[PDB]
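Asker: Have a look at this one before I ask anything.
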Amino acid sequence: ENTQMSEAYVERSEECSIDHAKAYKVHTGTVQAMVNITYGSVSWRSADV
Amino acid sequence: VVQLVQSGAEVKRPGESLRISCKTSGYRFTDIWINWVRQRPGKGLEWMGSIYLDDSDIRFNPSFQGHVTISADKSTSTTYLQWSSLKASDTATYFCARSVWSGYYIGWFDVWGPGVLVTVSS
Amino acid sequence: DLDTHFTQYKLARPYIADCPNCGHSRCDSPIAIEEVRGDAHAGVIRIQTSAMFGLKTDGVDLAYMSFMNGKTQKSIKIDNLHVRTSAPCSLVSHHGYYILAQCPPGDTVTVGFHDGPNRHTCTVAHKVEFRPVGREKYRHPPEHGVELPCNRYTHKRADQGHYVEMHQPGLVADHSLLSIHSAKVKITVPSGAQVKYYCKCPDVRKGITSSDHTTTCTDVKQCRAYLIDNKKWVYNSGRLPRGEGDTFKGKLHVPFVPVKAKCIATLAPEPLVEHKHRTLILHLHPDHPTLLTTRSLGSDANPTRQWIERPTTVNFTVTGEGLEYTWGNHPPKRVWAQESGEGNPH
Amino acid sequence: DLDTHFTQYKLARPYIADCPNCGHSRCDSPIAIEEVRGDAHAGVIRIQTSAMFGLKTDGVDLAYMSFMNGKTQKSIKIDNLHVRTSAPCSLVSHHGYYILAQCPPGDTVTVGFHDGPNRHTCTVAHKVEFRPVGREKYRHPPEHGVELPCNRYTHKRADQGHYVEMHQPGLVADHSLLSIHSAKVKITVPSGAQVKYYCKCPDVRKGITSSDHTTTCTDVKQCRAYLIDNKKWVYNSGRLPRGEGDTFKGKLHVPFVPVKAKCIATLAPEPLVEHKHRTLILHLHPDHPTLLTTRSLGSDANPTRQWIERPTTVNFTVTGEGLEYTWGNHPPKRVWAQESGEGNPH
C-alpha cells in the first residue's frame, strides 16, 4: 500500500477549564489594611485604609 | 405520537397527471426512509419506491420508471408521488410507510399512512 | 435532557472499531474503548465507547442500547452492561458514546454488554488511580469527614461547555457481499448503499447502486467491496479509516464534563498534645497516610512537612514568637510557648 | 481439532479427588484443582482440574463438559466456566483436564462451573505473577509497542510434544451401597462393579458382582465397600489412592504445551537528550518502571544500569571513545563527543 496517515496533535483537555495552574508575575504593588478605632467615648468603628 | 397523514381519496380519468403526498408528524428527525407501496383491490402488495428524507436518495422498483416519480420537501418534511400520465391500471390503494434508518438496509416499516384510494377509470 | 439526546440522534451511529483483547485476543468489536478519562478525585471515570447507549432504532428510551452488528444498527434492552477495573464498577450513567462509572483503582479498564448469546467485551490497558482530596490518602469516599472542593465528572445528562467532532464515515471495506454468479464475481449491493468495488485491474472507482458482476475478475480473492453510506455520520476515531468526506466538522456536546463539587475527606484522629514548656510533643495515631505540616511564625519560617503513615511521636520547638501546625484535614492550630519556670534566678 | 479429544476419551474419566476452600471449607469436589501452571509472560496461565471439558458422554461436541457426580459421569453444557485470581479471568480454551485462561496478577486461583442448582467452586493458594517482556514493567499487554520474543501456553487444541500419565484408578471407598436387609449388612453392587468389601472379621477380599450379604455383624458402621472399576482410567493424581495392580502407564497428550511466540512490549516515551559538550544530560519521563543501561565504548565498559520509575535526569560523561546507552525497550543509541569550544589557545 505504501500508505498510512498517523495524525496526532495536542490540545486542551476538558479538565483544563476546571483545574489549571496560572503563572503570575509579581511586582511590588500596594499594601493596605482594615483598622478598628475607638477614642474617648465613641464606640468602635472600623474601615478599610 | 408519530403519525403519517396522506391526501384524501382521489377520483380521476386516464390521460392527465396526478399528485399525492405523505406527511410525517410526531417525529423531529428527517433521518428516515419513507416508502410508497401499492395494493391492487383484493390482491397483495408491491413495493413501488423509497426515498430517504435527508438527501432524497431514491430506491425504485424496476417496472415503474417514468410512469411514477418520487420527490420530497424539507420545510414540511413530506414526500410527493407523481404520475405524469395515468393509466387504467393505477386504480388502487397507495400506502406510505415509515422505516427508520437501521444500517445499510431499508429495515422495517414502523408506521403507515391510513392509505390513499385513487380511482382512475373511464 | 432529551433535546440533546435527540440532537445526538441526528447523524450519530455506532461503529465497529478495533479493540485489543476482546476477551482473549485482538478484534474489531461493536463496543470499542477510546480515551478513557480517569481524572476525577472520588474515583469516577468516563469511557467513550463505540456504541450508542440510550438511543434505540426509533427514539431515546433510556433503558435501551444500540450497536452495529455488522451492516445493521441493532437496538436491544440494556440487560447487563458492566465495567471492570479490578472489581465490578457501579456504572452511574450512560449517554451516547459515553459511560460514566465509579471504579476502584487498577491497571485495566474493560466494558461489556450482554446480547444473550454473546458478551461483546472490550478491555484496554489504562492505569486508573484513586485520587483522594485533601491532605489524607484515603482509598474510598468516607462515610463522614469534611467537605472539600473537588473536581468530579458531573452526572448531568448534558452540557454545552465542551464538544467533540463528527466526520463522514470512511468507506467500510467488505467481502461478504461478494459472491459467484455462475463463474464470475458478483457484487450484491445491500439496497441502500452505493458499494464501491476494486478488483484485479482498475475498475469503476465510484460504485453503482445496481448489482454488478465484472468480467475482468473470476475469483473473489482479487475483488472487494467498499460499503459506504452518507446518511449517518460517525465520530472521527483514530481506529477507523478516514474517507474522502473531508467536510462537515460536525459537533457533539460531551455529556459528562468535569465540574466542581464537594468531596468528603477523612478527619484523622485528633493528636495527643503534650505541651511540656519550651517545646511541644505530638503523638499522632493515623489510620491512613496523613500529612503534618508545621511552620514557625517568626522571621525564619523553618517549615517541616512529613507524611505520617503509622503511630508516631514528634517533638517541635515552640519558641516565644509562635508555632503553627496543621495535621490532616483539620484547620491550622497555633501555639505560643514560653515563661517556663525551670531554675530560680534568686 | 477432532482426533485429540477422541484419543483422550479412549480411557479417561473425571474423578472427585480433593480441593481446599471449595466454597468456604475443605471438601471433595468434582473440580479438584491440581498443578496450576503460570510461567508464561503476558499473564496467560494453564490450569489443570479433575473435570473433563470439551467432550461429552457419547461424542465430543466441544461446548460440553463431563464431570463425575458420585458414581455417574454426567455431561452438561458449559454455562459459564469462571476463573479468578484477584479478578475474573477470561478463559480462552479448554480440553480434557486442562483450561487455559488470561488471568490478572494475584495470589489465588479459583475455578468454578455452574450446574443450575449448585455452584461447585474450588480455590487454591497459588502465586500467579504478571511477567512483563523486555526491559519495561508494564502491568497489562498494550495495544502497541515493540514485538519481542516471549513464551506462551499455546491456544492450539492438539499437540504431541509433552505427555502426562494415566493409571488404573485406585479403590473408590463407599458406605452408601450398604443397607440393612432384615438384620444384617447387605452390599448393593451397582450393576457393573465387582465391589470389594471389608467387615469386622476378614471377609471376602476380592468382591463379587452379585449383591452379597454377610452375617458377621448387624452394623454397617464396621464394614466398608470399595467401588472398583477397570473400564475407565484416571490421571495418576496425588490426591487419589493407587490401585494394587501396578500396571498401565498410559500416555495422555498435554494440549496447551508452551511455545515461543511474539508478545507486544511497551515502548518508553522518547527521552529529552541535551548534548551539552563534554557530557550528556538525559531527562527521562517514564510511565512504567523501565531501566536504563549505559556503557563506555573504550577499553573499559564502565557500565551502569538502573531502574527508572519516575521522571529523573541523569548525567553521563561521554569521552572521545564514545558511549552507548539503551533506554527501556528502545534500540541502543551511541554518542561520541569531544572538541568543546571552551576558551581559545590564542
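Residues are referred to by chain and number: the chain letter is A, B, ... according to the order shown in the C-alpha cells, the number counts from 1 in that chain, and ligands are numbered separately from 1 in the order shown.
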Rotate and translate chain C onto chain D via least squares on all in-order Cα pairs, then write the result as a short mmCIF file (atom, residue, chain, number, x, y, z; two decimals) with C-alpha atoms, in the first residue's frame.
Answerer:
data_model
loop_
_atom_site.label_atom_id
_atom_site.label_comp_id
_atom_site.auth_asym_id
_atom_site.auth_seq_id
_atom_site.Cartn_x
_atom_site.Cartn_y
_atom_site.Cartn_z
CA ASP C 1 -8.17 -31.32 16.21
CA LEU C 2 -10.71 -33.99 17.19
CA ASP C 3 -8.61 -37.15 16.82
CA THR C 4 -6.62 -36.17 19.93
CA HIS C 5 -9.90 -35.49 21.72
CA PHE C 6 -11.14 -38.93 20.66
CA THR C 7 -7.94 -40.52 21.93
CA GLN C 8 -8.59 -38.66 25.19
CA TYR C 9 -12.02 -40.30 25.25
CA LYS C 10 -10.40 -43.74 25.16
CA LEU C 11 -10.00 -44.32 28.92
CA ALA C 12 -10.07 -40.91 30.68
CA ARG C 13 -12.84 -40.11 33.18
CA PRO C 14 -13.51 -37.29 35.67
CA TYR C 15 -12.81 -38.01 39.33
CA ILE C 16 -13.70 -36.39 42.66
CA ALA C 17 -10.35 -35.32 44.09
CA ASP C 18 -9.75 -33.42 47.32
CA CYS C 19 -9.94 -29.63 47.01
CA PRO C 20 -9.20 -27.04 49.72
CA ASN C 21 -11.77 -24.29 50.26
CA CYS C 22 -14.69 -25.49 48.14
CA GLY C 23 -16.21 -22.06 48.55
CA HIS C 24 -15.79 -21.94 52.34
CA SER C 25 -14.16 -25.20 53.50
CA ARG C 26 -12.15 -28.26 52.50
CA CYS C 27 -14.01 -30.94 50.56
CA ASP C 28 -13.81 -33.51 47.76
CA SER C 29 -14.95 -31.68 44.65
CA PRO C 30 -15.89 -32.84 41.14
CA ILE C 31 -13.58 -30.12 39.78
CA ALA C 32 -10.32 -30.10 41.74
CA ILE C 33 -7.19 -28.09 40.90
CA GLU C 34 -3.75 -29.65 40.50
CA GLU C 35 -0.57 -28.15 39.04
CA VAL C 36 -1.68 -24.72 37.93
CA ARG C 37 1.10 -23.53 35.61
CA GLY C 38 1.42 -19.76 35.44
CA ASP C 39 4.78 -19.31 33.69
CA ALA C 40 3.88 -17.42 30.50
CA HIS C 41 4.71 -13.74 30.03
CA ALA C 42 1.56 -12.00 28.79
CA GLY C 43 -0.45 -13.52 31.65
CA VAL C 44 -1.92 -16.74 30.28
CA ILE C 45 -2.13 -19.71 32.66
CA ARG C 46 -3.14 -23.35 32.34
CA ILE C 47 -5.00 -25.21 35.10
CA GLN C 48 -5.22 -29.02 35.11
CA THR C 49 -8.56 -29.68 36.81
CA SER C 50 -10.30 -32.96 37.74
CA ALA C 51 -13.09 -32.56 35.18
CA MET C 52 -13.21 -33.27 31.45
CA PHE C 53 -14.27 -30.25 29.39
CA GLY C 54 -15.40 -30.90 25.85
CA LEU C 55 -16.23 -34.62 26.15
CA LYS C 56 -19.86 -35.30 26.98
CA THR C 57 -21.21 -38.78 27.76
CA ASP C 58 -21.36 -39.70 24.00
CA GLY C 59 -18.91 -37.66 21.91
CA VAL C 60 -16.86 -34.44 21.93
CA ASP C 61 -19.36 -31.58 21.41
CA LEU C 62 -16.92 -28.79 22.43
CA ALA C 63 -19.72 -26.78 24.07
CA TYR C 64 -20.26 -29.53 26.71
CA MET C 65 -18.51 -30.44 29.96
CA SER C 66 -18.40 -33.73 31.88
CA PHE C 67 -17.78 -34.39 35.56
CA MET C 68 -18.23 -37.16 38.14
CA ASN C 69 -21.35 -36.52 40.23
CA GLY C 70 -20.82 -39.45 42.57
CA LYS C 71 -21.07 -42.80 40.80
CA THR C 72 -22.05 -41.23 37.44
CA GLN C 73 -20.09 -39.41 34.78
CA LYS C 74 -22.66 -36.72 34.00
CA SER C 75 -22.45 -34.35 31.04
CA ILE C 76 -24.00 -30.88 30.85
CA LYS C 77 -23.72 -27.74 28.74
CA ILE C 78 -20.95 -25.31 29.69
CA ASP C 79 -23.25 -22.51 30.86
CA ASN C 80 -20.88 -20.51 33.11
CA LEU C 81 -17.34 -21.84 33.63
CA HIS C 82 -15.36 -19.07 35.34
CA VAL C 83 -11.81 -18.66 36.63
CA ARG C 84 -10.83 -15.96 39.14
CA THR C 85 -7.42 -14.90 40.43
CA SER C 86 -8.30 -11.44 41.70
CA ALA C 87 -10.81 -10.44 38.97
CA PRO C 88 -12.77 -12.63 36.50
CA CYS C 89 -10.32 -14.20 34.07
CA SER C 90 -11.27 -14.46 30.38
CA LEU C 91 -10.88 -18.18 29.76
CA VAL C 92 -9.45 -18.75 26.29
CA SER C 93 -9.93 -22.52 25.89
CA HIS C 94 -10.64 -25.85 27.57
CA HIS C 95 -9.82 -29.43 26.64
CA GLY C 96 -9.64 -32.58 28.71
CA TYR C 97 -8.55 -31.86 32.26
CA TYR C 98 -7.00 -28.54 31.20
CA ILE C 99 -8.35 -24.99 31.11
CA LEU C 100 -6.32 -22.23 29.46
CA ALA C 101 -7.18 -18.72 30.64
CA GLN C 102 -5.94 -15.11 30.90
CA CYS C 103 -5.81 -13.98 34.54
CA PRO C 104 -4.55 -10.81 36.25
CA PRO C 105 -1.94 -11.11 39.03
CA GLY C 106 -3.07 -12.40 42.41
CA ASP C 107 -2.48 -14.75 45.34
CA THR C 108 -5.24 -17.30 44.56
CA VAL C 109 -6.57 -19.36 41.64
CA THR C 110 -10.19 -20.58 41.73
CA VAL C 111 -12.31 -22.36 39.12
CA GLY C 112 -16.05 -22.90 39.11
CA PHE C 113 -18.88 -24.22 36.93
CA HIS C 114 -22.66 -23.97 37.23
CA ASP C 115 -24.83 -27.06 37.36
CA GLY C 116 -27.76 -24.70 37.99
CA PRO C 117 -28.65 -25.66 41.55
CA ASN C 118 -24.96 -25.90 42.50
CA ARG C 119 -21.72 -24.00 41.88
CA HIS C 120 -18.99 -26.63 42.52
CA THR C 121 -16.15 -24.20 43.16
CA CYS C 122 -12.52 -25.04 43.90
CA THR C 123 -9.96 -22.48 45.18
CA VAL C 124 -6.22 -23.16 45.55
CA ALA C 125 -3.58 -20.84 47.02
CA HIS C 126 -1.05 -20.30 44.22
CA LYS C 127 0.81 -17.04 43.64
CA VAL C 128 0.56 -16.06 39.96
CA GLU C 129 2.41 -13.04 38.60
CA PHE C 130 2.32 -10.78 35.58
CA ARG C 131 5.54 -11.42 33.66
CA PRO C 132 6.14 -8.55 31.22
CA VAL C 133 8.60 -9.03 28.38
CA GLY C 134 11.45 -6.70 27.51
CA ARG C 135 13.00 -4.08 29.76
CA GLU C 136 9.84 -2.23 30.89
CA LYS C 137 7.57 -3.41 33.71
CA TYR C 138 4.11 -2.97 32.24
CA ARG C 139 1.11 -4.69 33.85
CA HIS C 140 -1.17 -5.47 30.88
CA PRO C 141 -0.46 -6.41 27.22
CA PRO C 142 -0.34 -2.93 25.63
CA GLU C 143 -2.27 -1.79 22.56
CA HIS C 144 0.93 -0.82 20.70
CA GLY C 145 4.71 -1.04 21.06
CA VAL C 146 7.29 -3.47 19.67
CA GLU C 147 7.02 -7.23 19.20
CA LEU C 148 9.50 -9.19 21.31
CA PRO C 149 10.01 -12.97 21.51
CA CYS C 150 8.07 -14.40 24.46
CA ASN C 151 7.10 -17.88 25.66
CA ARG C 152 3.33 -18.30 26.05
CA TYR C 153 0.89 -21.20 26.36
CA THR C 154 -0.30 -21.98 22.83
CA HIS C 155 -4.06 -21.86 22.26
CA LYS C 156 -3.80 -24.83 19.87
CA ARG C 157 -6.13 -27.71 20.71
CA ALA C 158 -3.33 -30.29 20.71
CA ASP C 159 0.36 -31.11 20.35
CA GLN C 160 2.40 -34.28 20.88
CA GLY C 161 5.47 -32.58 22.37
CA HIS C 162 4.65 -33.32 26.01
CA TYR C 163 2.68 -36.02 27.83
CA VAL C 164 1.19 -37.03 31.18
CA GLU C 165 0.51 -40.45 32.66
CA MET C 166 -2.68 -42.52 32.98
CA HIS C 167 -3.09 -45.18 35.69
CA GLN C 168 -5.85 -47.59 36.73
CA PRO C 169 -8.00 -45.82 39.37
CA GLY C 170 -7.61 -46.88 42.97
CA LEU C 171 -10.48 -48.70 44.64
CA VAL C 172 -12.93 -45.95 45.58
CA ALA C 173 -14.09 -46.32 49.18
CA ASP C 174 -17.82 -45.97 49.83
CA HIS C 175 -20.56 -46.61 52.37
CA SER C 176 -23.77 -45.34 50.69
CA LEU C 177 -24.21 -48.69 48.90
CA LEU C 178 -24.30 -50.49 52.27
CA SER C 179 -27.74 -51.07 53.80
CA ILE C 180 -29.57 -53.31 56.30
CA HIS C 181 -31.54 -56.16 54.74
CA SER C 182 -33.45 -57.48 57.77
CA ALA C 183 -30.99 -57.02 60.65
CA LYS C 184 -27.76 -57.59 58.72
CA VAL C 185 -25.44 -55.57 56.50
CA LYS C 186 -26.05 -55.84 52.75
CA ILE C 187 -23.75 -54.74 49.92
CA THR C 188 -25.69 -53.43 46.90
CA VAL C 189 -23.41 -53.89 43.89
CA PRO C 190 -24.33 -51.16 41.34
CA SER C 191 -24.65 -53.58 38.40
CA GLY C 192 -21.38 -52.81 36.61
CA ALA C 193 -18.75 -52.92 39.36
CA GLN C 194 -17.22 -55.71 41.44
CA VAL C 195 -17.62 -54.11 44.87
CA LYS C 196 -14.89 -55.27 47.23
CA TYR C 197 -15.92 -55.21 50.88
CA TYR C 198 -14.03 -55.14 54.16
CA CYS C 199 -15.84 -55.42 57.49
CA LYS C 200 -15.53 -56.54 61.14
CA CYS C 201 -13.40 -59.66 60.64
CA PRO C 202 -11.32 -60.55 57.59
CA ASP C 203 -13.66 -61.18 54.67
CA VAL C 204 -13.44 -61.90 50.95
CA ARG C 205 -10.79 -59.43 49.76
CA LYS C 206 -11.87 -59.52 46.11
CA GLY C 207 -15.60 -58.68 46.08
CA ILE C 208 -18.30 -60.38 44.00
CA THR C 209 -20.52 -59.07 41.21
CA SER C 210 -23.62 -60.38 43.00
CA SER C 211 -25.26 -58.58 45.93
CA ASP C 212 -24.00 -59.89 49.28
CA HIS C 213 -24.94 -59.81 52.96
CA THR C 214 -22.39 -61.04 55.51
CA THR C 215 -23.22 -62.69 58.84
CA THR C 216 -20.02 -61.71 60.68
CA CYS C 217 -21.24 -58.09 60.91
CA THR C 218 -24.63 -56.66 61.85
CA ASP C 219 -24.27 -52.86 61.71
CA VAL C 220 -22.94 -50.83 58.77
CA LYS C 221 -20.36 -49.02 60.92
CA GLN C 222 -17.97 -52.02 60.82
CA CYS C 223 -18.34 -52.68 57.07
CA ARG C 224 -17.42 -50.71 53.96
CA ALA C 225 -17.50 -51.21 50.19
CA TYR C 226 -14.68 -50.35 47.80
CA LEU C 227 -16.39 -49.60 44.50
CA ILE C 228 -14.01 -50.43 41.65
CA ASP C 229 -14.10 -50.19 37.86
CA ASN C 230 -11.39 -51.29 35.39
CA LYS C 231 -13.16 -49.98 32.26
CA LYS C 232 -12.13 -46.30 32.50
CA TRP C 233 -8.78 -44.93 33.62
CA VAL C 234 -7.81 -41.78 35.53
CA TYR C 235 -4.70 -39.62 35.50
CA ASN C 236 -2.53 -40.52 38.49
CA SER C 237 -3.10 -37.60 40.88
CA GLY C 238 -1.49 -37.15 44.28
CA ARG C 239 -4.94 -36.62 45.83
CA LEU C 240 -6.33 -40.07 44.88
CA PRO C 241 -5.49 -43.41 46.53
CA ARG C 242 -3.22 -45.57 44.39
CA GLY C 243 -4.70 -49.00 43.74
CA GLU C 244 -3.08 -52.29 42.80
CA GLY C 245 -3.24 -51.34 39.11
CA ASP C 246 0.54 -50.90 38.93
CA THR C 247 0.57 -51.53 35.15
CA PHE C 248 -0.38 -49.49 32.08
CA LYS C 249 1.75 -46.33 32.19
CA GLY C 250 -0.77 -44.84 29.79
CA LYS C 251 -0.07 -41.59 27.95
CA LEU C 252 -1.96 -38.39 27.21
CA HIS C 253 -0.82 -35.41 25.19
CA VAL C 254 -0.82 -32.16 27.18
CA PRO C 255 -3.18 -29.88 25.17
CA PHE C 256 -1.76 -26.38 25.72
CA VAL C 257 2.04 -26.51 25.80
CA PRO C 258 4.48 -23.57 26.09
CA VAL C 259 5.71 -22.28 22.72
CA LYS C 260 7.44 -19.19 21.39
CA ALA C 261 5.34 -16.25 20.20
CA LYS C 262 5.46 -12.46 19.80
CA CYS C 263 4.41 -10.25 22.72
CA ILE C 264 3.88 -6.50 22.53
CA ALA C 265 6.18 -4.42 24.75
CA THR C 266 5.66 -0.77 25.64
CA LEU C 267 7.71 1.82 23.81
CA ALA C 268 8.52 4.29 26.57
CA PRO C 269 8.42 8.04 25.91
CA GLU C 270 11.55 9.19 24.13
CA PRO C 271 14.00 11.01 26.44
CA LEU C 272 15.16 14.60 26.13
CA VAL C 273 18.84 14.52 25.18
CA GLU C 274 20.83 17.64 26.10
CA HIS C 275 24.23 17.05 24.52
CA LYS C 276 26.15 19.72 26.39
CA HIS C 277 29.64 18.85 25.27
CA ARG C 278 31.96 16.82 27.54
CA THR C 279 28.84 15.00 28.84
CA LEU C 280 25.23 14.02 28.04
CA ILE C 281 22.17 15.00 30.09
CA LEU C 282 19.17 12.69 29.76
CA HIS C 283 15.71 13.67 30.99
CA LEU C 284 13.63 10.49 31.26
CA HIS C 285 9.84 10.57 31.73
CA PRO C 286 8.62 6.96 32.10
CA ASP C 287 5.07 5.70 32.63
CA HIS C 288 6.11 2.25 33.95
CA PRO C 289 9.32 1.13 35.69
CA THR C 290 11.80 1.26 32.80
CA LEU C 291 15.46 0.27 32.42
CA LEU C 292 18.40 2.52 31.55
CA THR C 293 21.65 0.68 30.76
CA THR C 294 24.78 2.46 29.54
CA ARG C 295 28.33 1.38 28.73
CA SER C 296 31.47 3.14 27.54
CA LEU C 297 33.03 1.87 24.31
CA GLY C 298 36.62 2.05 25.59
CA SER C 299 38.97 -0.31 27.41
CA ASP C 300 36.92 0.32 30.59
CA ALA C 301 33.26 -0.45 29.94
CA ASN C 302 32.13 1.13 33.23
CA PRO C 303 28.52 -0.10 32.94
CA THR C 304 25.64 1.69 34.61
CA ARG C 305 22.24 -0.03 34.89
CA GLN C 306 19.29 1.36 36.83
CA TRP C 307 15.49 1.13 36.96
CA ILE C 308 13.91 4.55 36.44
CA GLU C 309 10.43 4.59 37.99
CA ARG C 310 9.53 8.30 37.80
CA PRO C 311 10.61 11.42 35.89
CA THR C 312 14.35 11.85 36.40
CA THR C 313 17.44 13.59 35.01
CA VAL C 314 20.72 11.65 34.74
CA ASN C 315 24.09 12.92 33.49
CA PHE C 316 26.60 10.61 31.79
CA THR C 317 30.24 11.36 30.96
CA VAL C 318 30.81 10.92 27.22
CA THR C 319 34.55 10.74 26.55
CA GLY C 320 36.20 10.90 23.12
CA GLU C 321 36.02 7.12 22.62
CA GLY C 322 32.25 6.65 22.84
CA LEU C 323 29.24 6.00 25.01
CA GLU C 324 26.22 3.79 24.36
CA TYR C 325 22.86 3.88 26.14
CA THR C 326 19.70 1.79 25.86
CA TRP C 327 16.43 2.93 27.43
CA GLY C 328 13.31 0.79 27.53
CA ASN C 329 12.52 -1.35 24.50
CA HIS C 330 14.29 1.18 22.25
CA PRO C 331 17.36 -0.01 20.33
CA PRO C 332 20.79 0.95 21.69
CA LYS C 333 21.99 4.44 20.75
CA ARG C 334 25.62 5.57 20.50
CA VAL C 335 27.22 8.99 20.94
CA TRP C 336 30.84 10.13 20.56
CA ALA C 337 31.53 13.54 22.10
CA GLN C 338 34.61 15.77 22.21
CA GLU C 339 36.03 18.94 20.60
CA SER C 340 34.31 21.38 22.96
CA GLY C 341 35.59 24.93 22.41
CA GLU C 342 35.73 26.13 26.03
CA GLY C 343 38.77 28.32 26.59
CA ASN C 344 41.22 29.74 24.07
CA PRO C 345 44.75 28.29 23.62
CA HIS C 346 45.93 31.56 22.03
#
Asker: Neighbouring residues of range 30-32 of chain A were defined as those with any atom within 10 Å, considering only C-alpha atoms; residues of the same chain fewer than 3 positions away were excluded. Please report them as a PyMOL selection string.
Answerer: chain A and resi 27+35+48-49
Asker: Could you go through range 31-103 of chain D and tell me which residues DSSP, when run on the backbone, assigns to strand (DSSP E or B), listing them as a ChimeraX atom specification?
Answerer: /D:37,44-53,64-68,73-77,81-84,88,90-102
Asker: I'd like to know which of B:122, B:78, B:39, B:24 is closest to residue 3 in chain B, using only C-alpha atoms.
Answerer: B:24
Asker: Between chain A and chain C, at 7 Å or less, what are the per-residue closest atom pairs and their distances in Å? Count only C-alpha atoms, order by chain and rising residue number, and return it as a Markdown table.
Answerer:
| residue | atom | partner | partner_atom | distance |
| --- | --- | --- | --- | --- |
| A:14 | CA | C:258 | CA | 6.6 |
| A:15 | CA | C:258 | CA | 5.8 |
| A:18 | CA | C:259 | CA | 6.4 |
Asker: Show which residues sit within 6 Å of range 53-69 of chain B, as a list in words. Count only C-alpha atoms, and ignore same-chain residues fewer than 3 positions away.
Answerer: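 Within the cut-off, the hits are residues 30, 32, 48, 49, 50, 81, 82 and 83 of chain B.
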Asker: What is the CA of residue 52 in chain B-CA of residue 101 in chain B distance in Å, reported with one decimal?
Answerer: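 CA of residue 101 in chain B lies 8.8 Å from CA of residue 52 in chain B.
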Asker: Residues of chain B no more than 6 Å from chain C, counting only C-alpha atoms: send them over as a compact mmCIF listing (two decimals) with C-alpha atoms, in the first residue's frame.
Answerer:
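Done, and the output landed in iface14.txt:
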# COMPACT_ATOMS: atom_id res chain seq x y z
CA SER B 102 -31.15 0.85 10.68
CA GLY B 103 -27.87 0.42 8.80
CA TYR B 104 -27.22 -0.25 5.11
CA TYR B 105 -30.70 -1.75 4.66
